[PDB]
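I have placed the structure first, in the form of structure tokens, so that the comments after it can refer back to it.
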Amino acid sequence: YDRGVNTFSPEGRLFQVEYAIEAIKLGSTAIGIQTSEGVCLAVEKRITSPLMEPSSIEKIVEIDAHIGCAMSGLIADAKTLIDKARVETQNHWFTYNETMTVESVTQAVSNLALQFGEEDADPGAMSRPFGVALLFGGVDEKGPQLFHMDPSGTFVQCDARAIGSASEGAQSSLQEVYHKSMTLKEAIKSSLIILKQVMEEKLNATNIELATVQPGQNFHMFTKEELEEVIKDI
Amino acid sequence: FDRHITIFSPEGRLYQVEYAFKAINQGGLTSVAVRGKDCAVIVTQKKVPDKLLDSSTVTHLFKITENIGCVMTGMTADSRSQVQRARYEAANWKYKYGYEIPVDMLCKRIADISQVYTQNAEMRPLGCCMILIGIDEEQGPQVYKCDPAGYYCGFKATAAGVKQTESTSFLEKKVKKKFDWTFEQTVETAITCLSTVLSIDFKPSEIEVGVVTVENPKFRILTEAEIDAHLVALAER
Amino acid sequence: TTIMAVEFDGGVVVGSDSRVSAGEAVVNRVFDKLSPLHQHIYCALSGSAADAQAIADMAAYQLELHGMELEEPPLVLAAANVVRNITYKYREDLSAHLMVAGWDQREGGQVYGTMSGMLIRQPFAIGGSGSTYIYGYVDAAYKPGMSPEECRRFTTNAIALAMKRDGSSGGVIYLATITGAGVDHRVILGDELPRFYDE
Amino acid sequence: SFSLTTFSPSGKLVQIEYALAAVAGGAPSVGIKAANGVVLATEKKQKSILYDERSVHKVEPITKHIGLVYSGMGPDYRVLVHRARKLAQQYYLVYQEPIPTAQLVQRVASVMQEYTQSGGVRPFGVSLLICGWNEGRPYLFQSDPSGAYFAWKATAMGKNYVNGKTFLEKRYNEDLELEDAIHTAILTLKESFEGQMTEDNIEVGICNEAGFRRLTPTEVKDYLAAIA
Amino acid sequence: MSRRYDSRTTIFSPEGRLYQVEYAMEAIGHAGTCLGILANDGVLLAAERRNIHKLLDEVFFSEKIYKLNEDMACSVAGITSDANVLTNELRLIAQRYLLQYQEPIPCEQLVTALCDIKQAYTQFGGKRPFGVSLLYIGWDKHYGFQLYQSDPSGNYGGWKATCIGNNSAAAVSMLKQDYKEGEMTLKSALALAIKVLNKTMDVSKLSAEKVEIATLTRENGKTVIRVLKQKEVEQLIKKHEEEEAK
Amino acid sequence: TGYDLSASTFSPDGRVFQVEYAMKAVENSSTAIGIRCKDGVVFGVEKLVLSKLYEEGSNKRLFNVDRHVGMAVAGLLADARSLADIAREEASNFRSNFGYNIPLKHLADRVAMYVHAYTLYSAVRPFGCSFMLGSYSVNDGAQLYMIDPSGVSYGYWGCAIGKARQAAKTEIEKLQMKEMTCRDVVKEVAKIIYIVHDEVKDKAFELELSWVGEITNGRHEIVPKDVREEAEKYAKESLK
Amino acid sequence: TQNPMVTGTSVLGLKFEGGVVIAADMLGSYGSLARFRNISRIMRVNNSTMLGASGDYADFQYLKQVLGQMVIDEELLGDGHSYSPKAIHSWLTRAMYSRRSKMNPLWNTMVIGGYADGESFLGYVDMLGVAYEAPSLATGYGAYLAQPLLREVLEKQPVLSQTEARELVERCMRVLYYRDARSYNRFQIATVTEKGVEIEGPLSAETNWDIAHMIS
Amino acid sequence: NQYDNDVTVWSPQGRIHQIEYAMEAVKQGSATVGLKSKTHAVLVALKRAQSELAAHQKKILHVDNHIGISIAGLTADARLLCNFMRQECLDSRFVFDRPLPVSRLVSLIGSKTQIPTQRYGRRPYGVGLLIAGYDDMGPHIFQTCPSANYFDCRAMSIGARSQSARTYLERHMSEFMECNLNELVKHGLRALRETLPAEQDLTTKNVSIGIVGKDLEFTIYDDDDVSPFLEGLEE
Amino acid sequence: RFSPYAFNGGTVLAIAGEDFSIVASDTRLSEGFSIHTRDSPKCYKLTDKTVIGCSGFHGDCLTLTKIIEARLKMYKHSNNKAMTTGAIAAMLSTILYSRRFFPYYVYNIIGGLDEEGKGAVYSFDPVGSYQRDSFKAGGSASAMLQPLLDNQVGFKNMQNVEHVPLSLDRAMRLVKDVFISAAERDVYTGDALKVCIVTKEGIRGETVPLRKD
């Protein structure tokens, strides 16, 4: 109103970029963890009624065999990036015939974040900033890695990161539970502890999704069987 | 919004076109051109406010082509811009229709340029009005004037700038009494017209006078020596 | 098709014939191949008659603009580069070849061959399908510092010699003497062509 | 590139509303269709003697058998002139025949509608009055900037057009010869026009079996004698 | 493109409505009365004439009634400006149908084709929507005699009888009473429409000039469309004025 | 009021305030002067030292448009380098067209036309820079033209751009510059530079001088450090 | 491609101690005709490098206008840099390569000599884009004639003075005039050194015709 | 008021507030410093971490063998412009087959930032750059602005609290010329100290440097080689 | 008309040893029957562990190499590491295909050590097909070099003989003499020899004399 999407603040920051980060607080909570034995991802399905099927809700998507992903914020903008990130990942193996480093995965996706404008653009140009926050976990030649991006496109290597509405108290809780060499299975335990505290509902085997990647095992989503064995350890 | 872009006012007028007319008086100059029997003469004031200012580089008399003279009254930035395009249009006539463009068809295409500025809200009109002279081989000398609105009409004499009604009022004295229009006589009325309204008595170095005649169809600006010969002899009678 | 130009002290003499023949039949036996690009600036048409007349108007369109913007006659070097770039860029669809010559207040009379797309200055230049056979006369009989009367005869004798040997050349000789005081246009009737060895 | 003409809270177009108010205050123009011909008498008024009447003419022919007059803006009219004449040319390109007046006014009035939709452009400020002759039946049409064209036996346009319509409503009826059509068009023109009436102040033209032709100032002076 | 000059016609109301679309139907609400009736032996479309002056010509055809093609016809209520483009576009669409399929266009296809164009202008482009509502009549090989109604929003539906413009709700109320589905034929529907026209029109002294009536029927394998002459309408006036008072 | 928002919208008095505000930005730029004589045209510019951290030769204010054409710009340095390459493209396209160096009057016209083109459109902005254009030739001679932000060129025996202009123009009128030679003119150019600059707001500066004429053989050339120091010493004789 | 006319002739160049000599004939050729006998085929680039070419001279004047303005634009910049003799040799390699992909190759063969910072550079490009660096280079039939003459000297004496170089050029200019029908008598010997490029005017060579008396 | 809505509209004083808001965007980034000698050039970059668990961001971008640059401003605006800088430098070795002069690269950087300014709807690039490089004339320190202005510099410090460093750069400017590679690192790290708060000072984790030289190509150091560089420097 | 291609001759060899990779090619550059120069090294060093040979039309050999070097910097700037020998080979395959309609005319040979320290030899074709092999050849003498390396290096067609893995001392003398024999019968090979040996410690260049004929 009385301004463009490119109009700067009196402090010099884009309004559309500022409101984009503020919209993530309405998304779903997902907590990634980076360990020496792999990268752990956990997210809640957020079922508001029994009529819904939990199979249709996928908040953890698989970019590559050893590379996972997490989801929050606006759902509409993420499904466009999840497909675009996959294509560029295969364009890498189509060109260099190797697995893309997760840092380059964050790099190719971060390019399309701030491309948005109005004049001097193409018909394939985006009007509004991304309202989605992403977590890229995975294992590569350098070992397990866990990365995070925001609507502004900044990607940073993180030992542990939380997204969604509960990311305020979850990120502070990750610093407490993460000490030195703590393993994947121990991180899974601490993941369910923080996640159960931040959710308003009860922790159940089918309520949350849990997926981990390992240096000796491809990215794997734990089925209902294994999820019952994981929640039992609490 | 009728006073910002060009759109119909509540009374159906265009205020951006009217401000283009008010941009003419902002130039601070006054020009006059009289259509004579065998001749057409333009008289305008040459302004050199600075002593360092080169007089040879400041000229209000423009040449569209050999047989057509020109003078610009209005914003100087818009004036020199239209004349360049007027020379682009005049050459496009010969490259297309084969012969030197007449003054009537030249004022028409120039007026059509201002019509595009008026109807479209993307481009603003120019604040300059062009006065063109010349001699057509059929109807004789032709003197026309085009306002930024796109109007043009055949004028026996033209007036522009700060002085308009008063300049025409003196021209009404000559046409109503039906005087005889010759090369010198038209210069007699043109200098007297601007001198009496501004209370100056222009010197030869203060003005520049373009002329065209049947014997000399090529447009030429009079030299200060000739202007002085056309001054004291004018002041003689 | 024969065109010729010779520089001297006070100006240049640019000659041409009147014969224009498409194929083996004459379309017009009287035609002026000199198309004025300006007062003192002329262009000698040669090569394809259709492409040369198109360039002459496209060149005149640009030169009149450059002349009115400066309010002074353009230099002969200015008019030559106009024809050259139109020639060199469009040589794909244009086979015409022109010879630019004129007079300016800077260096005086100048003759610039634009043929084939290049540009060079010469004291005397010849072009057309008939200029190939006159190399003998123009080279040996050329002397420095010839009077305007000798330059008119030297230009006429070589053109009249081309008209004899060239089958595509004929008609009447058109002469244009371009000097600082103006340009003189003369026409040499068939009886006034200089007579050479007839046997 | 955004449309400058939008729907008002009452549904009426705001931009074309001022277009119709603009042509209402233009130069007075009247026309009459009677018997085998149509009379067009307009007002060309010059603000000084310096003005040359032969240089600019308000009555202009579209073609041999068709002619047109106007009341409204000057510049927007010459844009209509070029496009309507080029429409008659593109007509004669395809159909190689003189254009009927009904088809000529229809596609020209469609140009007036294009600028009530396309953005960044104002509607035309000219209300066109078209005269035409086809198949022995005279044509008198009236078009306004809105794009809706009508048909009239006689009408008035320009300043004080309501009086000219009421005057022709009373005086004019059927069975009037072309000579009476001129005389009647002058009488209704004497009412709207004020001041002395000369051959230069009025520009008259007619269209008949011989086509649309403009009247010379000599024969106009003959009609200024209240003879026919 | 200064922002301050854009009204952004794509803005939804807090109730989820379009302003430019609602203002379009209001301008249609001031248009003259136009109605149509689907009958067994033919279709009938009649309308009034709001423009009345002694100096009018009207030497051509009808006013608000147009002919889409051989087998179809339409009426008009709205701004006559937007009606001319729609009438042209409908004819262009119905003709582009004749290009590929080389058959008379079904009355359902021609309606949804223009409505897709109406929706597109309200969706994007920044141009104002259209202020004309149209009724459609005709015959097709599948469904036979057809009567349709269109709205400027692009919404349309089939109708046995309807009315548009002024006095629309008044005529619809009478259609819910007198109209007999599957019983009254084209002949009986003609007398019924004249009865509804006269009662819903508060302007007295109905004349053959002031009203217009057009009929479209299929006879001997050929679609016959006609407009009743003023004398033929005057004969119907003589019939209705005995069945009004007497 | 909203009338001065876009250049396409006229003021109630029939003016464009957007062009006027671009001229006010030129008044904040550093002072640059030039003078033409029979021997040639002499250039000078006041280059302010912003910090000691900048290498010698940085922020060069002497622009070379073409071999015989020098330029000195005072205004926004962003629009300065823009028009700088654009003016070089016009001179290069000229030589790609007519095969020689564009005369100074013809070059000043094409550049000023490109400047006025952006004043008409509301979707762009006018230039906030003003500059002078000198040239020298054997057929023409020394010539000096200045183009304002509104795109209008005026012939000058001398001109001054930047903050202090009218004060420097009157000092040039007090003495005849025509019969002087570029060796004596640069003595007056450095003399004016020292008069314009005092220590109030600005701290330090450097003298950037340029010559075109017989001394440079008709080609645009910068003044060497040896002659520059000697030209300063001639101005160091007075100051007062 | 189509038809260029405006044919050129051979060009020779060689390296010596502290400089490079490049010489070429001044004759332009049209078909079998020798038409323009006065032409400058050697163009100077800044101080330290020099250019000459063959093939179509009309395309060479276009390369004059392109490369010339680009070189002048650097002198207009005044940044303190000059195009190295390798930079000109590199830019012409891609500029001639860019014309093959658009199916509009220019007919020409160019030689880039220069001397900068004690480094003597001589290089060769082609319409076909073949580019390399050699101590002695020639174009046309010179690579068949004058090239083995210089190779024999460079193998025996890799170091050559400025006088010895010009003497070998004239002897090579003498042989090229003999066995090349399309060559010409008048030629220009241009030499770049620590003082820059210096182009000598029209020159000739004394010919030994005694074979006329030895055959008969 | 209504004159800050876009770039094209001039203020009544003839200023563009959107360019000012772009120039204030650069000062919101990290504080980096760089300097050059008569031989070498050193770029000292300060790395920040988004959180305590997060690794430090990379403020150094490799451009050419002899060229390096530090970015301060919007991260993604630097990346799109870095793809422009690297493309032009790759085009230099793709066409000229020589390292692109650092002065000619920066001139192309300004031309890219002059394009958005004069046109409505296109935002200027809100990232600042401190770039260094070595050529035949020696090392060069250049600074760019979102206003498209670019200067040649001996040494500069950009970002917040940069004047305490610039004041240090003024006093030791005489020594910056004659010091060698080991001393340039000592003066560079001590210059970074003035831009830093009073609590967290110097750690090899968040501090990285790069060096270009006469025969030494641009090389990035992070931890292992930076640890002995920090040793022997008293703060 | 215009011939876009011409055969410039030359020969390129690559052999993959156990811990090492050797690549060698001649210096002779000649088009047609004439010699342009006797020193024109075709061997180009991409990274420390990778050396690419180029044999074919010389104009495409220069441009394609500059395109590869441009994409080497795109990788390293993005991925913060050097390309592996297998990554460079698969890259140029898509590079050669981008021209599939107007293919580059060249024969490329890439060699070096992989992450395991084993030699990887990669032979290409103008259309971009590739494969991994112990030893490959290329150029005008390609038909000559292959049979000699089959018997000596490959131990093929030999019954009851000890098979010893390739040694660097023999690999050097085998590459030298196959070119000494090549320079005899190959008009396009000779005048000098440049041998680039890529080992785990680094690259080591060598120069061997050959006949000048």
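In chain B, numbers come from Swiss-Prot; the residues present are 9-245, in order.
Cβ from N, Cα, C; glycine included.
Feature annotation from Swiss-Prot assigns phosphoserine to B:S17, B:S63, B:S64; the stated evidence is similarity to another entry. Residues or ranges marked as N6-acetyllysine in Swiss-Prot: B:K102, B:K104. Among the features that Swiss-Prot reports, phosphotyrosine is placed at B:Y159, with the record citing similarity to another entry.
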Candidate with sparsest Cβ neighbourhood (10 Å radius) among B:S17, B:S63, B:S64, the listed modified residues: B:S64
Those modified residues, out of B:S17, B:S63, B:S64, B:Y159, that come within 10 angstroms of B:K104 (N6-acetyllysine) at the Cα: none
Local backbone state of B:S64 (phosphoserine), from DSSP in three classes: coil
Nearest-integer angstrom distance between the alpha carbons (Cα) of B:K102 (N6-acetyllysine) and B:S63 (phosphoserine): 33
Least surrounded among the modified residues, given as B:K102, B:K104, when other CB atoms within 10 Å are counted: B:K104
DSSP-derived class (H/G/I helix, E/B strand, else coil) of B:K102 (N6-acetyllysine): helix
Same-chain residues at least 6 apart in sequence whose Cβ lies under 8 Å from the residue listed as 'phosphotyrosine': B:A119
Residue pair B:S64 (phosphoserine), B:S17 (phosphoserine) - Cα distance, angstrom, rounded: 45
Interface-adjacent modified residues, chosen from B:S63, B:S64, B:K102, B:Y159 when a CB lies under 8 A of chain D: B:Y159
Distance [Cα-Cα, Å, rounded] between B:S17 (phosphoserine) and B:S63 (phosphoserine): 44
DSSP three-state assignment (helix, strand or coil) for the residue listed as 'phosphotyrosine': coil
Subset of B:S17, B:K102, B:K104, B:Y159 (modified residues) with C-beta under 8 Å from chain F: none
